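Single-letter residue listing:
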Amino acid sequence: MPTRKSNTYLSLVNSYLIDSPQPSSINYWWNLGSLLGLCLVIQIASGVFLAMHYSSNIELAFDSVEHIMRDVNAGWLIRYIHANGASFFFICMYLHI
Amino acid sequence: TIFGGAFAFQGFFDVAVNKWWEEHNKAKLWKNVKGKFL
Amino acid sequence: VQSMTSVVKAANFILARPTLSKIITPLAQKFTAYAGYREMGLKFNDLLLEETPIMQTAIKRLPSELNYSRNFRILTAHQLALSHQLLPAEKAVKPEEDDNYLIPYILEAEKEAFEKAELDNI
Amino acid sequence: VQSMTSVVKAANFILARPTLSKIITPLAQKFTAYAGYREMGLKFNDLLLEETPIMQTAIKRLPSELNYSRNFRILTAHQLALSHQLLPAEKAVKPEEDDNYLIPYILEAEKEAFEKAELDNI
Amino acid sequence: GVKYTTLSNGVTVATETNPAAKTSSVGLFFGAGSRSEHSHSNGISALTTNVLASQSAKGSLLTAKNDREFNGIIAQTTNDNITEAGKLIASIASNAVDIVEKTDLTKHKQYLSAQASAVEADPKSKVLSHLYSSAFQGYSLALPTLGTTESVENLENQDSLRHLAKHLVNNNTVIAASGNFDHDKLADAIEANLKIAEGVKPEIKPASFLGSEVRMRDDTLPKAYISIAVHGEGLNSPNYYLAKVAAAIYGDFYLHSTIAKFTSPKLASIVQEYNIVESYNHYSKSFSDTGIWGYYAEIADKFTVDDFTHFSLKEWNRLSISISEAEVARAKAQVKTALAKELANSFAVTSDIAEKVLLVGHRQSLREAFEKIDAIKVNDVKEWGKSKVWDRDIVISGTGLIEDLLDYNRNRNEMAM
Amino acid sequence: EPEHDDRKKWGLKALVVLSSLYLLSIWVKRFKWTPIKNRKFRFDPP
Ligand code: HEM
């Protein structure tokens, strides 16, 4: 047995991504699923990198967001990635449905 | 092993983009404008 | 979802009256032609949703030659959809070859299932 | 982990010299008695780690009567552990009954594996 | 006594005369197999040879040798009756056109079509026969050696007569022999009886390897039969024996053989961890200028075809890396024994001597072949592996229970890491 | 938008890199799919 099929974790990764028997006739519309996953991942990543600098307090929330935009290195990039990735996540989900 | 080519591409694209961007935006940068306001 | 028996019953309900057959049959033929499945090498029966115990049973009881022809037609349709190309009118499935070969087996399976349900419900 | 061949070689290394046998053999007997496995109906060979391709091969190669007796001993030990009770000295495995029945098969399997490794390494 | 004799005409009589040969055989060969046919006339070479080989024999055993490249009739007799066999075939050949003209091909065509269908029935011959074609699709070498049912049915005496006159010529024909007999007596007997028309040697039709996969998924069969091979070195190639040595490294395997658990090849030990394959066979098929190197495999489990192809191809990678000296020493010895085994029967050597004399113009005795193989170092095998195996295009064939055989890209990607 | 200059420059870099990756992925996909795109069949029952 190949190591990708004996090892339990690699067995799962194989069953889902390597030898998963997809129909040959699926067009690009069937690639949205993985796309959505990526979106979720990136959102989570961005979100985490926002939680490290965002303040949940009401008086500090908006000011902390502006701190991310103006003072945190790449903070603008992560903030915009998160905000626009929400919209893109929903675009992918609407095309999915 | 892979990091070598990735770093090479990063450096190459960065230098090329920086040079082109500075040349295309030349008059509008702070570095070129500071002299007029001196 | 809809039982093949029900759709066949409705089709015979219509066809028994020329008043409605003369109106719908041309429309049905045009709809099937425009449906675009024939140009992919498929017959109507090939489109039927296989993933149903009745449909699986009907397929299993299919004769060998019909089963192999259906397999080739499905494979050709998949290849055409994959390559984004269609058979010309010469190689397309002519209207007269839509023989509804699978309907009798599906109807037999449906009759067996309905008899089971009716008998065990008393 | 340690190959049964290695431990057997070490045991024969010691036993060949009464200078060390007369000292260790009494200690070994006392240590096996105090090990507490005999009172549960188990022989030494039953404790051996089965989950190893060599060990699985050796068990598969075991005679029917020995295999069934071993199955019963293992089942009895599991039941005794589950019930938190031990066999009395009357029903316990006597020292003379620790016949090391499985050692020959394990040694044969180890010899085969070592021959394979030696031959393919040249 | 490999000595050669050239008649008054350009026909060469090559004889592997050797004392202590159990029986002797003589055969006239002309270099026109399925290679020198085309789809409309495919199988004519086999049909015309079968008709000639069907002629009455004066106690001799006439049999037809049919192959991709060469084709001829072989007569086997006791050593004391060899001269009669020689005179017989010369009579058969000189009267070839006359025999074919009046011959009724209907019965022979049925026999030939029956042969071809029987080849299709046997899964190994189908897989190999498809494999050879898929590699050489578009060229004459892709044609089946015995032809096909529909192709044969259209054959007519005119097709063969055109074929014989084109190919059965002095420059395109050789005479082979083997056994305990005097070479000169055979040569004199042939010269006094063989009368054939002169002609130029027909140019050998070119063929080029094209990596491809041909799948005949047959779910009613009990086992999956597959073969995977690359563009191996053919005859008149310096690596011809090197290709054979490489094949013997992986050798043969049969799960239900007493030797299975104890055989040397690494792949044999690997496949038994799951009983992946019931039987597989590595071979180096060599034609006049092109050869196919690979393996044939029969898998008795639907769910282990992909596992076998992965492991077998992974093992091929070791040709270019980490190949052991013990393996090369084993493969060298195994090939030498296999090479000598093929030449034991007088019939087999007669076919072999005819093949080399036609397709390469010279032959090497076992003495020379052993001197060549003995000189094959590990490095030479590794260089060959990189040249002909590492990341090179494979041709795949398979008939039964193929559903698990992953598509071409997967298998081909295993050829490099 | 104090990050405006750097935002647009990073956007240029990202577009260049992603467009290169996208073209390479198109080439590699059409590549990998040639065997399936060019796939043919024959069906020869009795
Ligand atoms: C499916 C997953 C998610 C979706 C669809 C989503 C959606 C959104 C949306 C629409 C906004 C509004 C931003 C704006 O108006 O500009 C937002 C803001 C925010 N989200 Fe997410 N979110 C997701 C996951 C997360 C995660 C995982 C985190 C933290 C780990 C997070 C933390 C935040 C924060 C801190 C903000 C405001 C920070 C800022 O804008 O400076 N979100 N999110």
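Looking at the PDB entry, one finds chain E named Ubiquinol--cytochrome-c reductase subunit and attributed to Candida albicans. In the PDB, the structure is listed with the title "Complex III2 from Candida albicans, Inz-5 bound". On record in UniProt, under Function (literature references left out), the comment for chain E is "Component of the ubiquinol-cytochrome c oxidoreductase, a multisubunit transmembrane complex that is part of the mitochondrial electron transport chain which drives oxidative phosphorylation. The complex plays an important role in the uptake of multiple carbon sources present in different host niches." Annotation of chain E in UniProt includes, under Subcellular location, the sentence "Mitochondrion inner membrane".

Of chain B, the UniProt comment under Function (literature references left out) reads exactly: "Component of the ubiquinol-cytochrome c oxidoreductase, a multisubunit transmembrane complex that is part of the mitochondrial electron transport chain which drives oxidative phosphorylation. The complex plays an important role in the uptake of multiple carbon sources present in different host niches." Under the UniProt heading Sequence similarities, the entry covering chain B gives this text: "Belongs to the UQCR10/QCR9 family."

1. Section: the overall build of chain E
Looking only at helices and strands, chain E features 16 helices and 12 strands. Over its C-alpha atoms chain E spans a radius of gyration of 22 Å, differing by no more than 12% from the 22 Å that the globule rule assigns to 417 residues. Once the C-alpha set of chain E is aligned to its principal axes, its extents read approximately 65 × 45 × 40 Å. A sequence separation of at least 24 residues applies to 80% of the contacts in chain E between residues at least 6 apart.

2. Remarks on the overall build of chain B
When you go through chain B residue by residue, the secondary structure sums to two helices and zero strands. Taken along its principal axes, the extent of the C-alpha atoms in chain B is 50 × 15 × 5 Å.

3. Overview of the interface of chain A and chain F
Listed per partner, the contact involves five residues of chain A and nine residues of chain F. Counting each side, the surface lost to burial between chain A and chain F is near 620 Å², with a carbon and sulfur contribution of 65%. Contact with chain F buries area across many residues of chain A, yet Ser24(A), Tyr28(A) and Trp76(A) alone supply 66% of it, more than any other trio. Between chain A and chain F we count zero salt bridges in total. If you look at where chain A meets chain F, you find one residue pair in polar contact. Taken together, the residues that form the side of chain A that touches chain F break down as three nonpolar, one polar and one charged.

4. Focus: the site of the ligand
Residue and element names in this part refer to chain A. By nearness alone, every residue bordering the ligand is listed as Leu40, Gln43, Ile44, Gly47, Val48, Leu50, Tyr54, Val65, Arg79, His82, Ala83 and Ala86. Elements with a minimum of two residues in the shell around the ligand: α3 (32–51) and α5 (75–96). The element contributing the most residues to the shell around the ligand is α3, with six residues. Looking at side-chain class alone, the shell around the ligand contains eight nonpolar, three polar and one charged residues.

5. What about the nonpolar core?
Residues and elements named next belong to chain E. Membership of the largest hydrophobic core comes to 64 residues, with the highest contact counts inside it found for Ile226, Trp293, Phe308, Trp316, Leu319 and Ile394. Shared between two domains, this core holds at least three residues of each, these being domain 1 (1–194) and domain 2 (200–417). Those residues in contact with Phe308, other than ones at most four positions away along the chain, are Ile226, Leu267, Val271, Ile276, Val277, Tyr280, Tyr295, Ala297 and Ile299.

6. Topic: the interface of chain C and chain F
Across the contact, seven residues belong to chain C and seven residues belong to chain F. Both faces combined, the contact of chain C with chain F buries some 710 Å², and carbon together with sulfur accounts for 73% of it. For chain C, the biggest contributors to the area lost against chain F are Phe72(C), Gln79(C) and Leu82(C); these three give 66% of the whole. Between the two partners, chain C and chain F, sit zero salt bridges.

7. Looking at the coordination of the iron atom of the ligand
By definition of the ideal shapes, four donors in a tetrahedron about a metal sit 109.5 degrees apart, and six donors in an octahedron sit 90 or 180 degrees apart. Within the protein, just one atom coordinates the iron atom of the ligand: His82(A) (NE2), at a distance of 2.0 Å. Along the polypeptide, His82(A) turns up in helix α5.

8. A few points about the pairing of strand β5 (residues 71–77) of chain E
Burial within β5(E) is extensive, with six of its seven residues counted as buried. If you look at the hairpin formed by strand β4 (residues 61–66) of chain E and β5(E), you'll find four residues sitting between the two strands.

9. Examining the sheet that holds strand β12 (residues 394–400) of chain E
Residues and elements named next belong to chain E. The sheet built from six strands is open, its strands ordered β7-β12-β8-β11-β10-β9 with mixed pairing. What marks the edges here is a single partner per strand, and that holds for β7 (213–218) and β9 (252–254). When strand polarity is set aside, the average angle formed by the axes of neighbouring strands in this sheet is 15 degrees. Across three bridges, the pairing between β9 and strand β10 (residues 279–286) is antiparallel. Looking at β10, one finds that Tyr254 is bridged to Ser279.

10. Let's talk about the packing of helix α1 (residues 44–53) of chain E against helix α7 (residues 157–167) of chain E
Residue and element names in this part refer to chain E. Between α1 and α7, whose axes approach to 9 Å, the crossing angle comes to 90 degrees. In terms of orientation, α1 and α7 fall into the roughly perpendicular class. For the pair α1 and α7, the contacting residues are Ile44, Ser45 and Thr48 in the first and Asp159, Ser160, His163 and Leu164 in the second. Class assignment for the residues of the contact of α1 with α7 results in two nonpolar, four polar and one charged.

11. Side note on empty space enclosed by the protein
Roughly 50 Å³ of internal volume is contained in the largest cavity. What lines the largest cavity is simply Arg4(A), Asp306(E), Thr309(E), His310(E), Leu406(E), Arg410(E), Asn411(E) and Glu414(E). Counting residues per element, the ones that place at least two in the lining of the largest cavity are α11 (305–317) and α16 (408–413) of chain E. Element by element, the count of residues in the lining of the largest cavity is highest for α11(E), at three residues. Residues that form the lining of the largest cavity fall into these classes: one nonpolar, three polar and four charged.

12. Describing the environment of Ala33(C)
All names here are of chain C. Following the sequence through the fold, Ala33 ends up in helix α2 (residues 18–34). Taking the relative accessible area as the measure of exposure, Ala33 reaches 31% and is therefore partly exposed. Residues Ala33 and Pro95, 62 residues apart in the sequence, show an inter-C-alpha distance of 7.7 Å. In contact with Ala33, not counting residues within four places along its chain, are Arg38 and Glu39.

13. Considering the state of the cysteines
All names here are of chain A. Enumeration over the complete set of coordinates arrives at zero disulfides over all chains. Distance from the sulfur of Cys92, which forms no disulfide, to the nearest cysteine sulfur (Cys39) is 3.9 Å. Owing to a relative accessible area of 8%, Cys92 belongs among the buried residues under this scheme.

Procedures and definitions
Residues numbered from 1 in each chain as written, not as in the entry; some residues may be left out. Chains lettered and ligands numbered in written order. Part of a larger assembly, values for the part shown. Heavy atoms only, no water. Residues with missing side-chain atoms left out of burial classes, pairs and counts. UniProt positions renumbered as here; feature names shortened; annotations may be inferred. Helix = DSSP H or I, 4+ residues; strand = E, 2+ residues; numbered from the N terminus. Rg over C-alpha atoms; globule rule 2.2 N^0.38 Å. Contact = heavy atoms within 4.5 Å. Buried area = accessible area lost by both parts, 1.4 Å probe. Salt bridge = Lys/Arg side-chain N within 4 Å of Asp/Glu carboxyl O. Polar contact = N/O pair within 3.5 Å; in protein donor to acceptor, adjacent residues only side chain to side chain. Nonpolar A, V, L, I, M, F, W, Y, C, P; charged D, E, K, R; others polar. Near = heavy atom within 4 Å. Core = buried A, V, L, I, M, F, W, Y, C linked by side-chain atoms within 4.5 Å. Buried < 20%, exposed > 50% of the residue type's maximum accessible area, 1.4 Å probe, protein only. Domains from an automatic or database assignment. Donors = N, O, S within 2.8 Å, 3.2 Å for Na, K, Ca; no water. Pairing = 2+ DSSP bridges. Axes fitted to C-alpha atoms, helices over the stretch in contact; angles between N-to-C directions. Parallel < 35°, antiparallel > 145°, perpendicular 65-115°, else oblique. 1 Å grid on protein atoms, 1.4 Å probe; cavity = no way out; pocket = protein on both sides within 12 Å on 5 of 7 lines; lining within 4 Å. Points joined across faces, edges and corners; volume = space filled by probe spheres on them. Disulfide = S-S within 2.5 Å.

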